[PDB]
Structures are given as C-alpha cells and as structure tokens.
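See below for the structure under consideration.
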Ligand code: SF4
Ligand code: SF4
Ligand code: SF4
Ligand code: SF4
Ligand code: SF4
Ligand code: SF4
Ligand code: SF4
Ligand code: SF4
Ligand code: SF4
Ligand code: SF4
Ligand code: SF4
Ligand code: SF4
Ligand code: SF4
C-alpha cells in the first residue's frame, strides 16, 4: 500500500530497498530499479530481513535491576538513577569511569550524539566500536597514500572490463552483491586473479588460481612485484613524477625470486608469470580483499604492500581501477568520519594535536580533554584492575562475536551501573544492571555511510512498539538531567546541520534535499552545488598526504607446531 | 599483429632417423614422471610432428600454423584458440568431434588417448568397461615451454624455425642482386 | 581400438530432395510393418539426420559420433553407450530427462514418442488420459543392420562415410607429393 | 514437452537467495515451508540442483498410492495423498526429492533465518504453477543464474546451434 525508500542495514554495501508496509506493519520488501549499486536485486538479508522487527519478544518497556530481578519501571525514575549514578562516580573518581561502546549498526547521528554526550557532558576520550577487529588497514593506507578509506567506486568495476585481483577470497559469501558485479564484469573481457588458502564459490570461476597457504601472501606479492619489475612493466612517469624513489623498494624486493616462492609456498611457476603479465599489460586493475586478510596479526605490512603494488603500476586514481578495502558492517565508515576511536575527532582530526582542539570551544559546548583515551582492547584490563566504573553497551552484543568471550564474561561481574540501550535477545542485558529499549533501522531517521563512502538516508516507516524510543532523546534527557548548556536534538535535521557546520571542509553540502533528489552522495563535498568526488577519491597525483608525496615501507617475512599441526581460521 | 613462425624440414638432407619425434614426446610430457631416461616412461609414446616416407625420400610434416586457420573456425566447441603468436589446441574443452580432420589439408592433427600423472584418463558414462578419453594432438611451437626440442635434436640439423619476413627479404635481395649483376 | 566412423555430407552436390531421410526412416522401422511401399506406413515419420537450408546452400547433418561424447556423459541413467564401432542410444533405459539436448552442440538428438509394432507406446501411470512415452532419436550408423542407408539413396552421392584415420594418411601423402614436386 | 529450470554454474555465487525465496513463497502460500532446490558443493564448481521434469518421471511408476501425476506441463506431487513410503527417493537419478523433516536442513544462513523466525511428506519442485508470476527462484536471483526453458526455447536453441554449425562448415571448408 505504502512504499518507503530505505538503505538495507545488514552489510556494508548499501542498497535501495522499498519497505512495502500495510496496516502499519511491514508486509514486504522490494528492490529499486534506478539504484546505481544493486540495480534492482538483493541478497537473502534484503529480501527476508524484515521479519526481525515485529517478533513477539521485542523489548517494549524499560526495566531495572533492584534486588537481582528486572522490574517494569517508567522512564523518568530510571533516568534519575542513571543521572545520580554518573554524578556520584564522577564526584568519586572523575570522568574516566566509563568507556563508550557505540554500535556499528546505528546511523552516523547516533555515533555523533554518543561522542558529544560523552565528551561535552562529562568529558573523556573513551569511545570505541566493536568493528575494529580492519584496524591496521586504515593505519597502513593513511601512512602510505594519505587516504584512510575506499579509493574507487563500486559500480565502475562492471561498466567495462578490467583485471580483478582478489586477496583472501570470501567476497562470494560476505558481500553477495559486490561479487555479483565482479561476475557481471565478465563481458567476455574481464580477467580474474584470485589468491586464498581455501576453496570458495568464487575461485571455481577464476581462470587463474593463486592458492597460497595462510600467512604466506607477503612473499607472494613480493615475488609478483619482482616479476613485474624484471619484465620492465613499471610506469616510470608515475613513479618519477609523484613518488620519492624507486631503488629503496628494489633493495628489498630482489631477494624474492619466482623459484624462492616456488619452494616456499608450493605453487606452480607459470601461474605467477601469467598473473604478473595480465596485471602489467592491462591498464585497469582493482584489488579486492575480504575479511580473510583483515583478520591477520601481520596485516599492516601486508596492506602496505597491497597499496604499493598498485602504486608502482599506476592503476590508482583512475576510473575502473584502484585498491578496494571492504568493510563488514553498514556503518563502519560512520564510526571513522566522526570520532568513535580514542585518538580521533570528527573530520579525521587527531586529539593529540592542540590545533585540532583549539578550533572548537563554544561551537562544541563544554571544553574537551586533550589526552588519548582508552582502547577497546585495554578496557577489559581496566575492568579487572577496577579502574573504570561504568560501560555503555549500545545496540550490539559484544559477548559472542568478539573473540576471547570467557574473559569478558568473567570481567562482567563488576556490577555497579550498566546501561544497555539495546534490543531483544542479548545476554549482556541479562548480565547488565539497567536495560532500556531501543529502535531498529526501520524505526529511525538517520544516515548510512557504506564501504564506498556513499551517504544515504534512512526513512522511518513503522512506528515504535511500546515505549521503545531512539537513543538521541535518551542522551538529551541524561544531559539535561545532569545539566547541559542549551538543549539539543530538536530533530535529526538539526543534528545533521550541526555536523555540516562543524566540518565544512570534508562535507558541508550533504543535505536532505540533495539526498532526496540524487541517489546518495559520497564525501568529500565541501559545497552544496558540488556533485561529489566519485572514481577518484581525492588523488587526481598520489598526494593525499600532508607532504603531497607518498613514501614506502620495506617489508620482511615475519614469524608465527607439532602440538597444533592444524591451522584454525574463521569468517 | 605479427606473422606466426613455423618450423620446416629439408627433404634434401633429412635421413628419417626419427630422433626428433622422441624428443618432442620427452619435452611435452615433463609432468608425467620422466627423468630424461628410458625405464621411467610407463606411458605410450605420442609425437606431434609426423614422418612420411615416399619414393622421393622421407620428410617430417607438422602444423604450419595457418594464418587463415580452418581448424580453429570449424571447431564449434572452441577448443582451438590462438593464445599466442602460434595456434594451440586446448585439451580441457576438446570433445573429439573429428571435424578438424575435415578442415586441415596438411593433416597434422591426431586423435589419441590422453595421459596424465602416468595413468590413462577414464570417463564417467561410456562402454562392460570404461572408455579412454581421446584428445587432439598437434604441434604448438613449444611456446609454453622453452626453446623447441625438435631443433638441435636432428643429427644434421635439417629442420629450421623460419618466419616469413626474413626469408622473403633475403629472396628479394638475392633476386635484385642477380638482376643487377647482369644488366 | 579404432576411431568411430561418421557419415558427412557434401553441400556442393546436395539438392535438398529429402530422399535420404525417407530411406533411413524406412530402414529403421522394419518392426512397424513397412514393406517398402507407401500405404503400409501407419506410423508418423521420424528420421535420424536432419536437413536444413541457409542462404549459402542446403545440407543435412547428423551425429558425428564424438569420442569424448558429451551426450553420454550428461545422461545419468546411462542409456547412451558405444555398443559397436559407433555410438548408439538405448530405447529401454531412456527416461526423457532432456539434459542430453543441452549437451550436443550439433543438435542431432530429438525427443519424440516411441513407436513399436505399428502402435504408439503408452506409459503406465500418468495423466484423465495416458501420456505417451518419449525416447531420444539420433543416428546410430545402422550397426545392427547392413551398410548405411543414407548412402546408396542419395542421387548425387553427396553423402559419404569417412574414416578419420585413412583420410589423414591420404592428406599426408597428397601434401608430401605437392611439396616434393616443387623442391 | 515439459517446462523446467536450469542453472549454469558460471554465475552462481552460492548466496542462498533462491533457496530461501523458494522456501518462503511455499510457506506463505500454505504448503510445506521447506526449499525444493538443493545447493551442492563439488570439487569443481557449485550448482543448484532441482527437478528436471522427466517426461517419463521414474516417479509415478513407483508411487503405490498414485500421488505423483502430470498436470499442465509439470510433475506435481499432490502432497495430500502422499504417505511417506520412501520409494521415489530411490528412483530419482539426480536426487531432486527430499522429505519434510527439520534435520534435512544443512547448516547455513537459511537455517539461522528459519530458527530466528519461529506432518512429514515428500516435497518436490512444482514449478510455482500457483503464482501468476514466473518461478520465484529464477526471479529473485542476484546474478540471474537460473533460467526457465519452455517447449519452444529448446527448439529455438537446437535450430540456432544447427544453423551456426552448418553455416560455419559452409563458410570455412566444405
Ligand atoms: S547486499 Fe547488503 S545491503 Fe544489499 S540487500 Fe544484501 S545485505 Fe542488504
Ligand atoms: S576434436 Fe577437439 S579441437 Fe577438434 S573440433 Fe572437436 S572439440 Fe575442437
Ligand atoms: S592444424 Fe592444419 S589447418 Fe590448423 S593451423 Fe595447423 S596446419 Fe593449418
Ligand atoms: S615445436 Fe615443439 S611441439 Fe612443435 S614439433 Fe617441435 S618440439 Fe614438437
Ligand atoms: S631427426 Fe633429423 S634426420 Fe631424423 S627424422 Fe628428424 S629431421 Fe629427419
Ligand atoms: S533423455 Fe534419455 S538419453 Fe537423454 S539424458 Fe535422459 S535418459 Fe539419457
Ligand atoms: S549426439 Fe551429438 S554430442 Fe553425442 S556423440 Fe553424437 S554428435 Fe557428439
Ligand atoms: S548411417 Fe544409418 S542411422 Fe545414420 S543417417 Fe544414415 S541411414 Fe540414418
Ligand atoms: S538424398 Fe542426398 S541429395 Fe537428397 S537431400 Fe539427402 S543428401 Fe541431399
Ligand atoms: S540465487 Fe543464484 S547465485 Fe544465489 S545461490 Fe541461488 S543460484 Fe546461486
Ligand atoms: S513418498 Fe509420496 S510421492 Fe514418494 S512414492 Fe511414497 S507416496 Fe509416492
Ligand atoms: S524427481 Fe527426479 S526422477 Fe522424478 S521427475 Fe524429478 S528429476 Fe526426474
Ligand atoms: S520453481 Fe518455485 S518451487 Fe521450483 S525451485 Fe524454483 S522457487 Fe522453488
């Protein structure tokens, strides 16, 4: 009867989705024929992910733990309890009493509000998200190219035939529509080079299979680079115009030979020669990599090598070619543009520099701390050491997906005050202290930032069950109860306008009118009339660094038995 | 676009010793447990060039690598492809439809059983025993491997690799010099 | 083992008179009470080779009897076997799974109702009427009967039975004689 | 003759969308909620397998209650009269029949969806003849791997291949 445009929240690709609603309840989901990403077809989660919003077990009222059992309790006295608990812990031991766990499955306004109401209300740099476990990738790409995110745009990989190079192939079952473009790229001219230690559904369609054992892909790429250098397929103009040198990399790449990797990894010799030839003679090359490479301990130098391979060839900053990091959640990129890490500020600004702090005093509100906060891997140590008093589990269940679950479960017996603004079927809330109902993707009005840095909006279709309310008004109530200068969150539009105002250099033209007219925009976009950057990100030149010139880092093979002869992996 | 080179034999000096076919067999089956010695070859012999002897002596004939190749175009399945400068048949997609033998007039293609990993390749549903897989064999210029083994295996070095630009230029130069030396 | 012979057509001498399909239909349906005379035929006509026409001529095509036959590999029941020198279909184990139509690139197999003893065969349990039984049809080189009947019925002798081994020898001899007469 | 559906393994990601759509359409219609299209993993390639509608069935010849019958242009199970005598499971060459039991589901995303959402009889692809649209499996596929073949598309493909072969043989060498 009524159709509402929305972005599918289940993975990071982002797709148009009409939520066919009838009698206030969702009855179906439809694809958008004019969307540039999915082109009118969705995976399993898009077609049958709407049966999650009206389960009979949805949390419909606030409850609190008085004597060990939760009791149905109205909102205002629960907010009183939260306010007095935060006030007493802040009076006792200061502002370091909590670490903020903002969800990776919430809109960018949620993360911005959480950061502000943890920094401009009490004041601490203790904000984290459970999507860090791709953390070295953003560090490596920033140190190599000066770019901290995706470079190219997804639909360009199928407009014309290119060479697609996959590292740790799991795209066939992690993003079931990006691999749809890769398969659809085969217009009798797209040519695939795949490298992974396992058997997937994508390698069986690959003309060339670079099956290499886990942890041995750095020698593989080093031998690949050695082959493409020995045959003289290096674009000399690109390296002589924008790069700082060539012989420094040559001093560390010549030690690996095709025979060396032949005896080291157990792969045929003609495959590497072939794959190097197809990468070299072709003018278009896109490097995909799935979760497999990103769950490795030594991924820093590996992604550095992946970026520098594209640097030495010249397939960067051009349409149809470029490196392609992939994110595993809808709003991971929404946890980096705004501050969700203990050493970042909205606008990709580092809090360690006083210039990034002195630019906002009154436009932000209360004065901010200048110290680096607590990381997500360090706050269990503070819980065991009793150095932190509270924790904010928001919109997620960090007791199952995160590794080493038993340590966190044993750490969770530190019950002084716990706030879980979450949804049904979470054991953390059962182990928590205070539980508050929240709102899902179809109940909010916010924005999603996909892996391809495209910004779309979420439009509310169904009304909330019971007293479940969006978190913005929860945060505003808490801040007003403690006492905040002014009163925020009149609507989501004011919050997004404030985001546009605070950082106009990155995105100041991402308003509701353009997203209503256009099919989403991708930052940077410093003005309203600009059409966005993408398949360039910012590089047309490899000069996103402050020095306007990229550098290199020399790589080396690392180190890891009879007791455990079998390597265990997961996806 | 470059003209495909092709090896050719010299009937004037050829003896018919059949020492170039065996080298071709040894160099093509390097993945079938061969150690450049007799006794390690437990598989039958399959050559690529074929020797024919008639009243005007003996000569080996092989694939000329036709520019307007009929063998590639008649092949409906698409087994024969021009991957490099030379023409090479692919053994993965070939089904044995003998129409190639209706195309090539020289006749350098033979349908023979396949052999991999020192064993004969069996099929799924054929006849009660199973039947061998028959594949197309022809010369592929040894572009995938190194320098062709048919060269420097002949005792008198009869067969030579020629590509028709240098031969044409040499013949034209010789004709011009002979014409100018008389006038 | 010996390579399976297959009948081929010469399009330059064929007219399209459709006198080759009729002979094949007559010679394979002796159990359906035909006496080499129109009027005793109480069965719909089904031939084995099929004639088509394009702008550049007319000819029939038929089964090429591929050595690595895709139609035999696709069939999971195993009705298609190489009973003799040729490859044949069995009408007793066929179930009608049309996947063999998706395998043969030449399209020489057709799924049609089976006719025996002058009457249409009927399946036991299907729908209220009884559904007919459908069997594949393709050239089987007349192995059970005598010489191929498509040949000796064509007025222009466009149809020829070829042996893919002797023909290669003839082509080799002709190529050698042509090359040696010039050198 | 009969209409069926075929999936070339060149463009099948194993994304489990067709399987879930086939299950849920049959669930919301009022039939068994179990999928009738099985994903199989092999050494070289992944292809969904369903009931290629055999023109002699080898199924209605083994059913003792006469439940399986030809309707329209397909083979229909007629679930109401089926008793569970696992005889058609022996006589199916491709293995296109599974039985409506919870343990018949392999561990995958579809199992997680069906357990977070919430008679034993033989279920078979009925080609979605009750729906005015085409088959659900061919319609929801992200890469359009599956395709429905009719009685006339087979003839068109056969004629196209035959004409291409004849024209190539004429053009290249007689
Ligand atoms: S690809 Fe991702 S965003 Fe698109 S429909 Fe599937 S789960 Fe939703
Ligand atoms: S025998 Fe092999 S190469 Fe020759 S036409 Fe048939 S498939 Fe092609
Ligand atoms: S196989 Fe025969 S027709 Fe084909 S390129 Fe070689 S010589 Fe020419
Ligand atoms: S070039 Fe190679 S394949 Fe051809 S005849 Fe000589 S050795 Fe054999
Ligand atoms: S090795 Fe030389 S002499 Fe002997 S058959 Fe070959 S070409 Fe002739
Ligand atoms: S129709 Fe007959 S010959 Fe064809 S695949 Fe089925 S059983 Fe085999
Ligand atoms: S039916 Fe077709 S595929 Fe099978 S052997 Fe005959 S020509 Fe080859
Ligand atoms: S050889 Fe026999 S079966 Fe084949 S087309 Fe001729 S008459 Fe028919
Ligand atoms: S009988 Fe001979 S001439 Fe007549 S249609 Fe058949 S092949 Fe052509
Ligand atoms: S919908 Fe298509 S791609 Fe997905 S599993 Fe089914 S056949 Fe494969
Ligand atoms: S299980 Fe059902 S369909 Fe199969 S034979 Fe028994 S009654 Fe017939
Ligand atoms: S269940 Fe199997 S044997 Fe029966 S009709 Fe379907 S594919 Fe054929
Ligand atoms: S046609 Fe319908 S019942 Fe058959 S597999 Fe496809 S969706 Fe399932």
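Residue numbers (the entry's author numbering), protein chains in the order written: chain S, 6 to 138, 140 to 540, 546 to 551, 567 to 586, 591 to 601; chain C, 21 to 147, 154 to 209; chain X, 21 to 147, 154 to 209; chain G, 2 to 119, 127 to 182. We put the beta carbon where it would ideally sit given N, CA and C, even for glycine.
Inclusion of residue 109/X in the 7 Å shell around ligand 6 follows from its C-beta lying nearer than that to a non-hydrogen atom of the ligand. Around the beta carbon of residue 99/C, 16 or more other beta carbons lie within 10 angstroms, which makes this residue buried. Residue 75/G has 72/G as its beta-bridge partners, per DSSP. For residue 128/X, the shortest C-beta to heavy atom distance toward ligand 8 is 7 Å or greater. Spanning the alpha carbons of residue 81/G and residue 118/X requires a straight line of approximately 29 Å.
About 5 Å separates the beta carbon of residue 21/G from that of residue 49/S, a gap short enough to meet the 8 Å contact definition. Where residue 115/S is concerned, the enclosing alpha helix (DSSP H) starts and stops at 113 to 124. With the criterion set as a beta carbon lying under 9 Å from some beta carbon of chain G, the region 516 to 532 of chain S has no members that meet it. Contact of residue 486/S with chain G by beta-carbon distance below 8 Å is absent, the smallest such distance being about 37 Å.
Under the three-state reduction of DSSP, residue 69/X is assigned to coil, being neither helix nor strand. Against residue 92/X, the close residues of chain C are 145, 146, in the order they occur along the chain (beta-carbon pairs closer than 7 Å).
Pairing residue 363/S with residue 357/S gives a Cβ-Cβ distance under 8 Å. Taking a C-beta cut-off of 9 Å against chain X, the contacting residues of the region 91 to 114 of chain C are 96, 97, 114, listed in chain order. Of all residues in the region 176 to 196 of chain C, none is placed with a Cβ closer than 8 Å to any Cβ belonging to chain X. Relative to residue 39/C, the option among 199/C, 207/C, 181/C, 187/C whose CA is nearest is 181/C. For residue 99/C, the CB falls within less than 7 Å of some heavy atom of ligand 2.
For the pair residue 66/S and residue 443/S, the CB atoms are nearer than the 8 Å cut-off. The alpha carbon of residue 179/C has as its nearest neighbour, out of 135/C, 129/C, 36/C, 138/C, the alpha carbon of 36/C. The beta carbons of residue 292/S and residue 163/S sit about 5 Å from each other, so the pair counts as a contact at 8 Å.
Taking a contact to require three or more Cβ pairs closer than 8 Å, the region 137 to 149 of chain G and the region 42 to 54 of chain X do not qualify as touching. For residue 120/S against residue 281/S, the beta-carbon gap comes to about 44 Å, at or over 8 Å, which does not count as contact.
Residue environment: residue 35/G is assigned as buried (16 or more neighbouring CB atoms within 10 Å of its CB, all protein chains considered). Looking only at 585/S, 112/S, 106/S, the smallest Cα-Cα distance to residue 348/S is reached by 106/S.
A check of alpha carbon separations from residue 164/X across 54/X, 34/X, 86/X identifies 86/X as the nearest. The three-state secondary structure of residue 441/S, taken from DSSP, is strand. Within the same chain, Cβ atoms closer than 6 Å to the Cβ of residue 27/C are found at 185, 187, the five residues on either side in sequence being excluded.
Near ligand 1, meaning a beta-carbon closer than 5 Å to one of its heavy atoms, we find 13/S, 15/S, 16/S, 18/S, 20/S, 47/S, 48/S, 50/S, 51/S, 183/S.
Closest in C-alpha terms to residue 576/S, from the list 385/S, 249/S, 231/S, comes 249/S. Remark: C-beta atoms of residue 133/G and residue 12/G do not approach each other more closely than 8 Å. Short note on residue 175/C: C-beta closer than 7 Å to some heavy atom of ligand 4.
Neighbours of residue 46/G across chain X, judged by C-beta separation under 7 Å, do not exist; the nearest C-beta is about 15 Å away. At least one CB of chain X lies nearer than 8 Å to the CB of residue 121/C. Between residue 151/G and chain S, the shortest Cβ-Cβ separation is below 8 Å. Within chain X, no C-beta atom comes nearer than 9 Å to that of residue 176/G; the closest sits roughly 11 Å away. Residue 69/X and residue 41/X do touch by the CB rule: their CB atoms are close to 6 Å apart, below 8 Å. The CB of residue 168/G never comes closer than 7 Å to any CB in chain C; the least such distance is about 12 Å.
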